[PDB]
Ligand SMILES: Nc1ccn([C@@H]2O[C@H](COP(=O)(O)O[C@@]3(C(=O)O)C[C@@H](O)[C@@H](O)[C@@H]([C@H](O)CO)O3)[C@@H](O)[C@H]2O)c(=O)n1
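There is one chain below, alone, in structure tokens, taken in the form deposited without the ligand.
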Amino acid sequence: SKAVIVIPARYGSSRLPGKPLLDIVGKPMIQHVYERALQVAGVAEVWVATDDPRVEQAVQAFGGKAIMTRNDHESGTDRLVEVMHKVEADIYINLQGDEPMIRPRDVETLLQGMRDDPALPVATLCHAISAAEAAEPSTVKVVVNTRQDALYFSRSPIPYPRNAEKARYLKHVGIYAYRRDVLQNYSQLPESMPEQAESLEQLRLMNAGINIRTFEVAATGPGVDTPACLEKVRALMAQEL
């Protein structure tokens, strides 16, 4: 069972052009993610999938592996499908190129889950959050069953707190592990009404009846999407030394 980690690292960003190359305590952001990905046990290869020559050269400069992909992909999932054709593996793990504080252990929990159940098509992560945090539309909530399979993902606070003291909330952490057959069939899946309304791509999988198991980990570090988050992560990564 061969697993590979793919890190989508597009150059562009509306608030932070050249995001993967931003310096964080002496190294470009993409290098931090790449180095942590290399510490994950059970992975055969780690690839940075980018759309810009500048990111590709930067990755090669530090000794990493990069693969050029199309600039017209709107989702990191479609970018992963392009890579699956070139890089053969049984399990593909998709890590965000803008989460330099990723814990290697969390990715191993995800991979273990896929290996423990060969019938599992997709796996992802989640962590507990307060009711106050669950009220925010920018935080994606997930509700799961006894086997930890996701019932639904939403920007609405679910479960609804009719009996507030009984509600427990989970935030979805956007890291995914996919079995190869899922990616081979991906392009044939139609967009779903819930996907379009919520603006959540993972709902395309659920619309088709593809199971997504969600493993719980401890609260994770923030991603870097705004210049404000960038300063926060820099300060956090600095004291972590």
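Throughout, we count residues from 1 along the sequence that is shown. Heads up, when I say rigid core I mean the largest set of C-alphas that superpose within 1.5 Å between the two forms.
Asks: Please work out whether 68 to 76 or 123 to 131 has the higher root mean square C-alpha deviation in 6 other deposited structures of this protein relative to the shown form, with the rigid core as fitting region?
Replies: Checking 68 to 76 against 123 to 131 in 6 other deposited structures of this protein, I find the farther stretch is 68 to 76.
Asks: Relative to this form, superposed by the core, which stretch has the greater CA RMS in 6 other deposited structures of this protein: 28 to 36 or 57 to 65?
Replies: Looking at 57 to 65 and 28 to 36 in 6 other deposited structures of this protein, the bigger mover is 57 to 65.
Asks: Would 173 to 181 or 26 to 34 have the larger average of its C-alpha temperature factors, as given in the entry?
Replies: Comparing 173 to 181 with 26 to 34, the higher mean C-alpha B-factor belongs to 26 to 34.
Asks: With reference to the PDB entry, specify whether the mean Cα temperature factor is higher for 99 to 107 or for 123 to 131.
Replies: Result: 99 to 107.
Asks: Go through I210, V55, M68, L200 one by one and give the residue whose Cα B-factor in the PDB entry is largest.
Replies: Of the options given, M68 has the highest CA B-factor in the PDB entry.
Asks: Can you tell me which of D90, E165, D78, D149 has the maximum CA B-factor listed in the PDB entry?
Replies: The record points to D78.
Asks: What third of the chain does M206 rank in for C-alpha temperature factor, lowest, middle or highest?
Replies: As the PDB entry reports it, the C-alpha B-factor of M206 lands in the lowest third of its chain.
Asks: Determine, from the deposited record, the chain-internal third of the Cα B-factor for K141: lowest, middle or highest.
Replies: It belongs to the lowest third of the chain when residues are ordered by C-alpha B-factor.
Asks: Going by the CA temperature factor in the PDB record, which third of the chain does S192 belong to: lowest, middle or highest?
Replies: As the PDB entry reports it, the C-alpha B-factor of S192 lands in the middle third of its chain.
Asks: Check where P159 lands among this chain's C-alpha B-factors and tell me if it's the lowest, middle or highest third.
Replies: Lowest third - that is where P159 ends up once the chain's C-alpha B-factors are sorted.
Another form, the form deposited with the ligand bound, is not on view; read the next lines as being about it.
Asks: Within 4.5 Å, heavy atoms only, one stretch in 57 to 65, 170 to 178, 34 to 42, 210 to 218 touches the ligand in the deposited complex. Which?
Replies: Result for this chain: 170 to 178.
Asks: Even though the ligand is not shown here, does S130 get within 4.5 Å of it in the deposited complex, heavy atoms only?
Replies: Although the ligand is absent here, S130 would stay clear of it in the deposited complex, with no heavy atoms inside 4.5 Å.
Asks: When the contact criterion is heavy atoms within 4.5 Å, does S199 count as touching the ligand in the deposited complex?
Replies: It does: once the ligand is placed as it appears in the deposited complex, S199 has a heavy atom within 4.5 Å of it.
Asks: How about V87 - does it come within 4.5 Å of the ligand in the deposited complex, if we only consider non-hydrogen atoms?
Replies: No, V87 sits far enough from the ligand in the deposited complex that none of its heavy atoms falls within 4.5 Å.
Asks: Do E165 and the ligand come within 4.5 Å of each other in the deposited complex, heavy atoms counted?
Replies: Residue-level check for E165: no, no contact with the ligand.
Asks: Going by heavy atoms, what in 149 to 165 lies within 4.5 angstroms of the ligand in the deposited complex?
Replies: Counting only heavy atoms within 4.5 Å of the ligand in the deposited complex, the single contacting residue of 149 to 165 is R155.
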